Amino acid sequence: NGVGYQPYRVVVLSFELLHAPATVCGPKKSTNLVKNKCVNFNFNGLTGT
Amino acid sequence: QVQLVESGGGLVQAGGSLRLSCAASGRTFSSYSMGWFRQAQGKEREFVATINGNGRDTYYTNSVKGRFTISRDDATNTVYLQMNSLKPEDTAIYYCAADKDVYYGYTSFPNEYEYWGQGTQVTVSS
Numbered sequence: 002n003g004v005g006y007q008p009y010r011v012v013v014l015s016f017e018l019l020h021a022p023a024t025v026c027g028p029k030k031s032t033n034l035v036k037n038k039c040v041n042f043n044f045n046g047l048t049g050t
Numbered sequence: 058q059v060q061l062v063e064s065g066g067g068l069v070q071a072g073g074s075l076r077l078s079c080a081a082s083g084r085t086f087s088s089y090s091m092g093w094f095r096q097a098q099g100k101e102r103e104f105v106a107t108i109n110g111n112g113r114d115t116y117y118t119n120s121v122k123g124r125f126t127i128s129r130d131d132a133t134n135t136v137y138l139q140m141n142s143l144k145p146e147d148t149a150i151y152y153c154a155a156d157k158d159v160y161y162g163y164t165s166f167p168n169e170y171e172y173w174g175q176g177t178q179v180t181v182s183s
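If you're matching them up, the sequences are chains A and B in order.
For this note's numbering, add 1 to where a residue sits in the first sequence, where the first one is 1.
For this note's numbering, add 57 to where a residue sits in the second sequence, where the first one is 1.
Here's what the structure looks like:
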């Protein structure tokens, strides 16, 4: 058949964003560890210099 | 009614650098995301290329891994198809189409496109 008569698989994402535990998340990447050099420090709990 | 028309077709050896022209009057070409199409002789309609309005994404089909690139002309709201490294299996007439408002994302279906143009008969020879 043509593309008009061949099966199309379909999955569509619906996002339930309402204020709640929000347990699904995207991955967060980490910068390598530096020592003994004044550096901006960022951590999941808090950031700082 | 959209005067969607295309030009820029001739016989050429493999690797000749030739371009296309999507002309869009009537509706908006600045905001829409669009795609390119062909009617292969002895085969069915197959996808060519796609772009979003501001050129923040591109997508193509399987056999165009290094031969194609999609870019936009803003003066006349045209989209080029800078293509090279030709293969004799590429002979067809190329059609640029029209889509509803797209924020971001790529689609390729020959029929997903509501409007079709006049076309340009591209050809390849060794």
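Just so you know, even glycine gets a beta-carbon here, dropped at the ideal spot from N, CA and C.
Own chain residues within Cβ distance below 8 Å of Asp156/B, not counting five before or after: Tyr89, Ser90, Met91, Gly92, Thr164, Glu169, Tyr170, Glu171
Contact with chain A by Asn168/B, beta-carbon distance below 8 Å: yes
Proximal chain B residues relative to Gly27/A, where beta-carbon distance stays under 9 Å: The contacting residues do not exist; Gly27/A stays about 16 Å from chain B at best.
Beta-carbon contacts of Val62/B that lie in its chain and below 7 Å, excluding the five residues immediately before and after: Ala80, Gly174, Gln175
Alpha carbon of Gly110/B to alpha carbon of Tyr117/B, nearest angstrom: 16 Å
Inter-residue Cα distance where the pair is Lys30/A and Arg76/B: 42 Å
For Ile150/B and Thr115/B, believed in contact at Cβ under 8 Å, the rounded distance: Contact flag wrong, Cβ pair sits at about 22 Å.
CA-to-CA distance, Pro22/A to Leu143/B, given in whole angstroms: 55 Å
Rounded Cβ spacing between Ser64/B and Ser78/B (contact assumed at less than 8 Å): 6 Å
Neighbour flag for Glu63/B against chain A, beta carbons, 8 Å: no
Reduced DSSP category for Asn33/A - H, G, I as helix; E, B as strand; rest coil: coil
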